[PDB]
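Visitor: Output the structure for:
(5 chains)
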Amino acid sequence: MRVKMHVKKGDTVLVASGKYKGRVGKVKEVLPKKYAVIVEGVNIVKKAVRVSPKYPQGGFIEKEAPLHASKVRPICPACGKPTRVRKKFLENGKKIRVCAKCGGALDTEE
Amino acid sequence: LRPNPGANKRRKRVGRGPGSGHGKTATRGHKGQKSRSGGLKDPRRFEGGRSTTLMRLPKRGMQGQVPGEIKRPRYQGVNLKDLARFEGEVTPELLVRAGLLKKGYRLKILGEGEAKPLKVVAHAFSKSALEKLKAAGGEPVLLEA
RNA sequence: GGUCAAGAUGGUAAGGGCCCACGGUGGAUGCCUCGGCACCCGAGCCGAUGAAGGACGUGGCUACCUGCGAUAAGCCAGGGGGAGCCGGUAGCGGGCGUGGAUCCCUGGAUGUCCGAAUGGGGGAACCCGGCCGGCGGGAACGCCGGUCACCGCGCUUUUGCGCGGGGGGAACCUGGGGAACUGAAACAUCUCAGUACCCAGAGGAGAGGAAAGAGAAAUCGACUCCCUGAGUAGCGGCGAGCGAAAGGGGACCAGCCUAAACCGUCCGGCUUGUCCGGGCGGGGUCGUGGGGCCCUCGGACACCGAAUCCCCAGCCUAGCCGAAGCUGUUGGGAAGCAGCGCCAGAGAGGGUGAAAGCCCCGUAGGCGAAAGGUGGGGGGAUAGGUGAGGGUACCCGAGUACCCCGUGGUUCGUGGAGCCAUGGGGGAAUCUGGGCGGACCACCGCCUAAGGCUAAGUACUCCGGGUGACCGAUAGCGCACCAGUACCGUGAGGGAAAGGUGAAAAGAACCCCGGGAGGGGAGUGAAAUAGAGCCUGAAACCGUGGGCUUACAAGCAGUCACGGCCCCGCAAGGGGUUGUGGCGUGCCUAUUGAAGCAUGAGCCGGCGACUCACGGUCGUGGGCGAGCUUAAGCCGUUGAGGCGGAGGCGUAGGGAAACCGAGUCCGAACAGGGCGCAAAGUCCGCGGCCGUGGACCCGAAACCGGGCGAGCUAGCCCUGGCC
RNA sequence: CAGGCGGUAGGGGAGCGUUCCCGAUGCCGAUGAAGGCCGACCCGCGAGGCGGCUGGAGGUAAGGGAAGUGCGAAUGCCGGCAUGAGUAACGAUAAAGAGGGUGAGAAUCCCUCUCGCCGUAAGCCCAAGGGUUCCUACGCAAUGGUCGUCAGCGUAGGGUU
RNA sequence: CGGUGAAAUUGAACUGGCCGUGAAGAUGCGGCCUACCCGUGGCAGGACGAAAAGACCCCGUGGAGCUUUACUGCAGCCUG
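Guide: Residues are numbered from 1 along each chain as shown, chains lettered A, B, ... in the order given. Here you go:
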């Protein structure tokens, strides 16, 4: 939780929570880790405006706070994140490797 | 985690304010705050001057010497010596240079109990010294500059 | 049952008094911080390439806090970097980006107008002008532009071309000039003090810095700062007081130079021969020679104070990794209780809905890294310039040394008063020279003056980092965040307050009285007596209800007693409430003396005053009797203590001293006083305690320094008007 | 058994909380840190436990060490909150009364009609100095010394060449 | 009556007269005489009324402003 981070759009687990049921992290800041797991919001029973239906009450409430979420999940769930061994000419690949592994290859899924 | 100061040591009198119930500390106004009053001594100072004088140490700073360091044949022979040769040089341990008013200056013959001299060359031998030095059995000497 | 005479008691509050319940205004406040403050290390120069420091601008849509300035939420290039950003605004309305977008750094570009300002003026932040370029309606106008003080400074006297400075800066710093208080319980010498303050100026640190020194031993050897040197040596209405210096311990250790006629060279000289003037030099004194003549000479180790250059350039800010748990479980929560499985050259800490080594943290673990901006090291090279022997008539570091008085320094206040230092008048010596040790004279000794340069060790704190038997929002910087701004003053100048809703915004659709606020519901949620000034949220004061109590009463208060109520009560009885009675001058300060009519006192709350550093000094708790250790060098998450033996206290003292010495000065006196008598202290601490320091705390007339104002007021000057 | 025990100045002794330092964090704790609110067990007291309510997280000592500390009280310091008081006061004795209007409400706004006081000023005018505001449109919880649907008040927009 | 809504001083006070008394001019202590609960519009006597820690003073080896041929110097003038 700093100028540096955890997972990004990613897809991860909820340990100390109410859901645990991991899923799509719609957006995650740089400093306040502020990340939305699309896993628990509300309605803000909207303005009474025609902003929302003239008869409103916003629906998708999803600002995800706490940072006990168990980011990253290869064939393994709760795991920290490795770093590199480069291996290839100019190779950062700070992919995530521990027990199972996941790096969010630019392919099949984030 | 236990050895509290034995007997009394710890704060003995940092007595705060003036009295459990009451308080005020001293006399009457004559000794208020900015009241560090007639200090050390009023009429006592009158005394202080009270008298001509016969001891005058004039406009200067460079006196000579004739090294008056009180040394004792008694400490010597009772139990810290070598009955013939010790010399100013060997007197460090000697408590007749290991104090303060002339450490390195001159060791005199506090000739006392029994004989009363010095059997080691040097400087400072009471006359009584010269004599019981000669009796005790000693080779005293005295060269200059 | 009715009539009358008599007596005794009862309830009936407009309000008020003690008690209990339940509110409100007020913020104590417990804790809690992106905020101080304290110490230590790191760091230490800004500016005309017109800076520090501000005026007016720009952000599609912005008063403001921000960053840029007219190419203005920024353009350029390189260093860094993982995938999100269009600063604090989240909202509107639109976006850029894994063909390194946000952003961290280093060097880039215009870089508005003011501000040293300088092209000129000017109430700065705004109006003027002269030169070449440009565009426009051409000339006139008017913009971008490049343009044009002043200073002194050296160069081609003609470039007046080509430089310099100036302008800053919290504290440290050098010199310039330089004060009353208070003390001396008055106070004129004296004192604070060469302190405060005005100034000028070099810095990043200057200061001082190789000896006409010390000091007297046939000794030392730059300068600076620390400990010690004695607070003695001493300076003095010898009074308050003030107070050294060599040495020793320590730290830090380069030394280097120029006119100094003589050389010759030379150009100018005057005027010519043989004087002076100024350039090159050898000479260019380190602890003494230098030059010129004669002879012995001589044919590779030394670097600067940046001489200087190349580097591992230390960093600057971006870097990187990086140790091990889940199941359960009481919970709105768990990181918690419980189960088993886990890490560790890294159990420093914070952060993840209540207290984790194994969850968040690029931390302690260790390692990391760059082509810019800075150098000591280690080494090189660059190396100016140093680096021989005697002989001989001498000429060759300052224009004043020196001596009279008039003065400064210095531990020196006038004195027998020295040395350096200068304001007056005098007024010279080249190493047989000349000041210096002792006023001065005779000695020995000392050093080599009247020029020049700089490093290194103590100071200082703007700025950065870190640590705190250093602070919690009235203490801390006043200042924890749109406080040096609000606001008072003419200016100078003074100089607040206000920190927290909650775990996360889910912070309130919607219905209902109402103009609105605001008020009842629904949803929030774990709570909303957590609801927007909204945590914890007490005292004071005002309020709604309930209990007792009250209209023949004289009393701070009260309060001892008891009786009537009502209360928990098993009783014992315990509560609150009081009518009857007994006895009762309120507290603080300063008083012979107080109820005070003497005083302080409006009520609540938070602040609110005998300390610290040394000297000492007496105690007494503790180590050895000789006992103890500063300044430092060194090891030091914890940083671990160790060593450092210049000393000061003891260890006989007696004296004005010479000295003598446990003895002793008087003295010619065997008479007294200081003893001898150890009857060891010496050190660390804790503490009663003075002396200096503001030393229980706030309190005055005022004296002194530097500035601030004639839109204050009186005057005087200039210039219109009105009677 | 003494034997005594009013007693400021003042001197001696002995305890008390109080926020920190070790706290050799022991931990205690969301079945509450803490402060708070109330109470007929502890203390010779300064204080203590303990019980009950609040209250959201701390807090801390067994033994000892370190101190900005314990306060009516100083016409105190800073902030509240009271008091005469719902009396004194509204800024000029240059007076006003009506009708209709607009409004959630109009003594206190708008028109219009009666009426008094200025007029040599309560005239206009330039200038100074103020620097918003002026206007037009909405609004009034603050502000006018109550009003107030009025404004020189608040919000926005336009306004002097 | 209605809109409004302050200001010093003050322990708190529930505060009669007396004759007395007391630090010597008292509601508040003694003995006693009257008098119930409350408030408004007034009247000024006390509560030494408020006001300002007396400018009357004294006192403080206090301050400050003239002064004078008190004390010492500074200035400027005169002058070997």
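Visitor: hmm, what's the outermost residue in the chain?
Guide: You didn't pick a chain, so chain A it is. residue A:54 (33.0 Å; Cα atoms, centre = their mean).
Visitor: you looked at the wrong chain, it should be chain B
Guide: Centroid-distance maximum for chain B: residue B:21 at 47.9 Å, with Cα atoms, centre = their mean.
Visitor: Double-check that that residue belongs to a helix.
Guide: No. With DSSP: H, G, I helix; E, B strand; the rest coil as the criterion, residue B:21 is coil rather than part of a helix.
Visitor: Which residue ranges of chain B form strands?
Guide: B:69-71, B:107-109 (DSSP state E).
Visitor: does the first one come close to RNA strand C?
Guide: Yep, that's strand B:69-71 we're talking about. Yes. Counting by Cβ under 7 Å from any atom of the strand, RNA strand C is contacted by strand B:69-71 at B:69-71. Yep, even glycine has a C-beta here, placed from its N, CA and C like the rest.
Visitor: In a markdown table, list those residues along with distance to RNA strand D and neighbour count.
Guide: What follows is these, written out as a markdown table (distance: Cβ to the nearest atom of the strand, whole Å; neighbours: other Cβ atoms under 10 Å in any protein chain shown):
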| residue | distance to RNA strand D | neighbour count |
| --- | --- | --- |
| B:69 | 42 | 20 |
| B:70 | 40 | 15 |
| B:71 | 43 | 24 |
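Visitor: Make CSV from those and add distance to residue A:72 to it.
Guide: Output for the residues of strand B:69-71 next to RNA strand C, formatted as CSV (distance: Cβ to Cβ, whole Å):
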residue, distance to residue A:72
B:69, 87
B:70, 89
B:71, 89
